[PDB]
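Listed next as structure tokens is one chain, alone, in the form deposited in one PDB entry.
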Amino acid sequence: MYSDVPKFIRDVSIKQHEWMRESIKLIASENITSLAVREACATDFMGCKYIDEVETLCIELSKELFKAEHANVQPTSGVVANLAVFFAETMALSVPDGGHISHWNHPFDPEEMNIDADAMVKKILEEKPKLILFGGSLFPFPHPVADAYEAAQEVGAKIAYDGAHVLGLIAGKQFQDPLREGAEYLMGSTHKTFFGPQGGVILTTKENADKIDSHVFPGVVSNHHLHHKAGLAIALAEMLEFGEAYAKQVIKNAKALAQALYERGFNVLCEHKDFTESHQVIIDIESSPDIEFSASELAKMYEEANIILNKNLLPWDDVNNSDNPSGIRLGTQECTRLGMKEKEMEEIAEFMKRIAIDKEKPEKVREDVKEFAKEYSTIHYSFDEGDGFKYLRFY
């Protein structure tokens, strides 16, 4: 009994490794991590001098990359990284407007995928908030951060930035620089556009210094990652050396992919505003007359063709219980890491056209997709250009 369980999960995970290798991965929420960072996460770090040094190095590297007077690296995810700053001084996008569920909104025009640059300013004064948050799951264009800190401080309101999806772009100096554009707080997840391990990070100034470190639930003996800290250290160093060139290609690949889709007859949002400035490509399947498939149908069809993406709630949808949403969300951050360029995005968009418009069997397109994906199983923008999806046996 129970002898075959280790073997069963060893075999399944290998199959998972192989499947992901021969797939185009386009989930905006998922990146790929280098063998060096992955090596540090296998050292579970379970009387602790060597943990004190990695702690300080993470803080030392976080201050240099994001340019902050203070940096905390102790939260286990972007969610609690928010909660820690939420507990400090005790609103952002509606879920539908910008995702990101918390319950323990900004003036937004659906046509222009951004917070209203004029209507928000008049909203700051005549609503009297204490915490202004710029952050969302559906984040195509940079938020008016500098158009907010001329009204916040006069009414006595502080400014935070949940760039969980965008953290990696800010590090490579590409999307925006909120911390010098007004934002006093910068939260974020370390595993999305930032190609690090699962973990949360907080960045702030000591201008008043609310000292979050006291109330993030600090356990140095009770319940924390530690093995993810060693990977965080390496990830930072990678983003410090390669982040510039990485975030440049990410934002370009997104654009290239977005236009490639549009030209093939995908109603991807804001063609006049050039689709996005971030890693995301947001497409309206509902108002795509040529398609004829549901966004739910499409995501399930693409998965059969080895194209992984997720259906999304576009602001204009049904009452927030949606088995059948209107949108499909794409992210170029992982594909950029495997070494796909602007010309490679066109090939991807063609695979997507064949399924959605040409109505070609997804099992047939699968063959071309896995042949294309195999050719990009090497981790770029790192010190160790090795085999990603490599399976390392321990016994």
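Throughout, we count residues from 1 along the sequence that is shown. The term rigid core refers to the maximal set of C-alpha atoms that superpose within 1.5 Å between the two forms.
Not pictured, yet referred to below: the form deposited in another entry.
Among the residues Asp97, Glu181, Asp210, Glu184, the single one whose Cα moves by at least 2 Å between the shown form and the other one, once the core is superposed, is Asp210.
After superposition on the rigid core, the Cα atom of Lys300 is displaced by less than 2 Å between the shown form and the other one. Superposition on the rigid core between the shown form and the other one places the CA atom of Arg264 less than 2 Å from its counterpart.
Core-superposed comparison between the shown form and the other one: the Cα of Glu111 travels less than 2 Å.
Relative to this conformation, a decrease of 3 Å or more in the Cα-Cα distance between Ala209 and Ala71 is found in the other entry. Here's the thing about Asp210 and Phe134: their CA atoms end up at least 3 Å farther apart in the other entry than they are in this form.
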